[PDB]
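Working notes, beginning with the structure itself.
Each reported figure results from applying straightforward, stated rules to the coordinates on display, with no laboratory input. Cβ placement follows ideal geometry from the backbone for every residue including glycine, while neighbour counts extend to all protein chains displayed.
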Ligand SMILES: *[C@@H]1O[C@H](CO)[C@@H](O[C@@H]2O[C@H](CO)[C@@H](O)[C@H](O)[C@H]2NC(C)=O)[C@H](O)[C@H]1NC(C)=O
Ligand SMILES: *[C@@H]1O[C@H](CO)[C@@H](O[C@@H]2O[C@H](CO)[C@@H](O)[C@H](O)[C@H]2NC(C)=O)[C@H](O)[C@H]1NC(C)=O
Ligand SMILES: *[C@@H]1O[C@H](CO)[C@@H](O[C@@H]2O[C@H](CO)[C@@H](O)[C@H](O)[C@H]2NC(C)=O)[C@H](O)[C@H]1NC(C)=O
Ligand SMILES: *[C@@H]1O[C@H](CO)[C@@H](O[C@@H]2O[C@H](CO)[C@@H](O)[C@H](O)[C@H]2NC(C)=O)[C@H](O)[C@H]1NC(C)=O
Ligand SMILES: *[C@@H]1O[C@H](CO)[C@@H](O[C@@H]2O[C@H](CO)[C@@H](O)[C@H](O)[C@H]2NC(C)=O)[C@H](O)[C@H]1NC(C)=O
Ligand SMILES: *[C@@H]1O[C@H](CO)[C@@H](O[C@@H]2O[C@H](CO)[C@@H](O)[C@H](O)[C@H]2NC(C)=O)[C@H](O)[C@H]1NC(C)=O
Ligand SMILES: *[C@@H]1O[C@H](CO)[C@@H](O[C@@H]2O[C@H](CO)[C@@H](O)[C@H](O)[C@H]2NC(C)=O)[C@H](O)[C@H]1NC(C)=O
Ligand SMILES: *[C@@H]1O[C@H](CO)[C@@H](O[C@@H]2O[C@H](CO)[C@@H](O)[C@H](O)[C@H]2NC(C)=O)[C@H](O)[C@H]1NC(C)=O
């Protein structure tokens with residue numbers, strides 16, 4: 001009932017910008033969010 | 001140093017969105033950062049122009065963008081909509097209406113117009 | 001609306017300048 | 001990210017001159033950038049205080 | 001960019017050209033003219049990553065250095081992303097920054113006229129926006145010539 005499936009990669013999703021030379025999009029609200037980043041600093045010291 | 005002890009202005013530093021502040025947390029063999037950022041939301045399309053044509057002179061936003069709805073032009077900061085009347089103190093004035101491409105017709109308000117007399 | 005706002009007269013010289 | 005997705009303010013980044021804008025172009029095994037900068041010209045001197 | 005923006009249908013970026021920067025609509029490849037030149041100028045030793053055994057089955061194996069490497073257990077692996085996929089990412093970046101500029105990222109892409117995008121960049125440099133409007137034709141020509 002299950003199998004290995006081969007498929008091509010997506011690149012995120014398709015989008016576009018209207019680019020009217022007479023128009024600007026301006027935010028009316030915002031969200032403050034917090035994300036995280038993980039960075040190694042040190043190795044186990046050995047001898 | 002740049003995310004916790006200062007406010008980084010680098011566009012891709014301290015995570016995604018605009019950096020506001022951060023808090024470090026320790027971990028075995030490393031550091032984990034909590035990055036607080038601002039992401040603009042709920043945008044709308046307003047008509048825009050680089051300048052307002054008043055008496056033949058061109059008025060440019062002192063800050064922000066000059067935009068409009070179906071009846072009025074107003075000025076707003078670019079990152080968060082707050083429409084305000086375009087006044088002579090909200091704009092730089094130079095050149096003329098035949099210099100700026102895309103200039104539109106809108107009376108600019110003079111705050112001292114009543115002259116208190 | 002502003003949290004922490006205090007009462008302090010803000011100066012404006014325009015009328016004395018006009019008359 | 002600093003030259004294309006935003007405007008870098010580092011004095012020696014995104015080429016020479018003041019950074020105005022840039023456009024990436026790909027190449028085999030790497031990236032080539034077109035960096036558009038502003039350089040002031042034709043100076044004259046005036047008395048100052 | 002996880003939002004692959006299409007090359008805008010509107011080329012009215014003020015007086016600016018950018019056609020040698022943007023993907024060529026007539027090319028199977030998603031490369032721009034300049035990108036196509038970059039690909040043509042860098043020389044790769046070989047391409048396609050497939051050689052069949054029969055293809056080197058003779059004296060020829062000694063002339064084809066890459067096949068000689070394969071016969072000694074040394075191989076070359078393909079990249080995960082293809083040239084076309086990279087061109088699609090650069091295309092998205094160009095579409096994003098040409099039509100929304102700063103605001104194509106850090107959230108939803110928010111449109112803005114090209115001249116305004118540069119006006120804000122100039123203010124960032126420390127040049128009044130008035131310079132661009134006054135010299136808009138000049139600036140577009142200087143750019144178009146530089147490209
Ligand atoms: C800006 O205006 C457009 C209409 O001109 C809004 O709707 C989209 O317009 C584009 C054309 O540029 C179409 O391809 C999309 O399919 C339209 N959206 C939908 C759901 O049909 C657009 O939403 C407006 N932008 C903002 C921020 O309100
Ligand atoms: C464009 O925005 C202006 C505000 O800058 C709107 O003007 C207000 O309209 C309300 C009615 O809905 C009145 O009660 C206010 O007194 C008006 N304010 C001012 C300063 O005149 C205007 O209606 C909006 N136009 C459109 C087409 O949406
Ligand atoms: C944006 O593009 C439109 C055309 O798509 C320009 O519209 C012209 O505006 C002038 C105003 O004096 C009219 O005389 C022309 O007839 C309009 N052209 C068309 C085809 O209708 C508009 O001026 C451009 N805006 C900017 C800022 O460049
Ligand atoms: C603002 O309105 C004035 C008219 O009150 C416009 O000036 C005239 O425009 C017509 C064409 O529509 C010309 O035939 C006249 O010769 C112009 N008058 C003068 C004294 O030159 C002006 O162009 C409008 N400005 C903007 C930015 O729309
Ligand atoms: C500045 O002083 C005025 C009084 O002169 C304050 O207004 C009153 O504040 C009390 C609460 O302390 C309310 O119960 C009254 O209803 C308010 N009066 C009116 C007419 O609304 C005002 O809040 C003070 N502002 C600040 C920042 O201290
Ligand atoms: C700045 O003023 C000076 C003096 O009028 C101009 O000429 C230079 O003067 C210095 C001495 O102060 C000499 O050592 C240089 O050799 C002179 N330059 C030349 C080309 O002969 C100088 O050109 C002015 N700067 C600008 C931008 O006009
Ligand atoms: C950008 O400039 C090029 C010229 O460098 C324009 O394309 C040329 O169009 C003529 C026909 O009018 C052809 O004979 C040339 O061979 C074309 N040159 C190239 C390099 O394609 C192009 O249309 C302009 N594009 C924009 C958006 O302004
Ligand atoms: C700065 O100098 C340049 C030339 O070095 C001027 O631009 C050229 O002006 C000539 C006419 O004298 C035109 O034929 C050229 O086509 C113009 N160049 C371009 C790219 O259009 C420029 O106008 C001067 N700028 C200022 C502000 O004085």
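Laid out as a table, the results:
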| read-out | value |
| --- | --- |
| Alpha-carbon radius of gyration plus Dmax, which is the widest Cα pair, for the range E:1-114 in Å | 20.4, 63 |
| Shielding score for B:59-69, defined as the mean number of other chain Cβ atoms within 10 Å | 2 |
| Global form of the range E:74-147, assessed from the alpha-carbon gyration tensor, a/c cut-off 1.5 | prolate |
| Beta bridges by DSSP in the protein assembly as shown, antiparallel share as percent, to the nearest 5 | 90 percent |
| Mean Cβ neighbour count within 10 Å, used as a protection proxy, ranking B:108-116, B:26-34 highest first | B:26-34, B:108-116 |
| Over chain E, relative contact order from alpha-carbon pairs under 8 Å, at least 6 apart, % | 32 percent |
| Distance between modelled label sites at residue A:7 and residue E:64, nm, 7 Å Cα→Cβ extension | 3.5 nm |
| Length-normalised contact order of the range B:32-114 in % [C-alpha pairs under 8 Å, at least 6 apart] | 32 percent |
| Relative contact order (%) - criterion: Cα under 8 Å, at least six apart; region: the range B:1-78 | 17 percent |
| Principal axis box of the protein assembly as shown, alpha-carbon based, largest edge first, Å | 106, 61, 55 |
| Residue A:41-residue B:23 pseudo-label distance in nm [points 7 Å out on the Cα-to-Cβ vector] | 1.7 nm |
| Chain E - mean residue ellipticity at 222 nm from DSSP helices (-39,500 (n - 2.57) per run, n ≥ 4, rounded to 500) | -12000 deg cm²/dmol |
| Cα gyration tensor shape of chain D, rounded if a/c is under 1.5, else prolate or oblate by comparing a/b with b/c | prolate |
| Peptide D:25-35 - average C-beta neighbours from other chains (10 Å radius) | 6 |
| Top of E:107, E:126, E:48 by mean-square fluctuation, Gaussian network on chain E, Cα under 10 Å | E:48 |
| In range of the label at residue E:29: residues from the range E:74-107 whose backbone nitrogen is under 11 Å from the point 7 Å along Cα→Cβ | E:83-84, E:87 |
| Choice from B:77, B:25, B:42 with maximal GNM fluctuation in chain B (Cα, 10 Å cutoff) | B:25 |
| Residue of E:114, E:16, E:71 that the Gaussian network model of chain E assigns the largest fluctuation, springs spanning Cα pairs under 10 Å | E:71 |
| Rg/Rh for the range B:1-111, where both radii come from Cα atoms and Rh is the Kirkwood radius | 1.21 |
| Projected area averaged over orientations for chain A, convex hull of C-alpha atoms, nm² | 11.2 nm² |
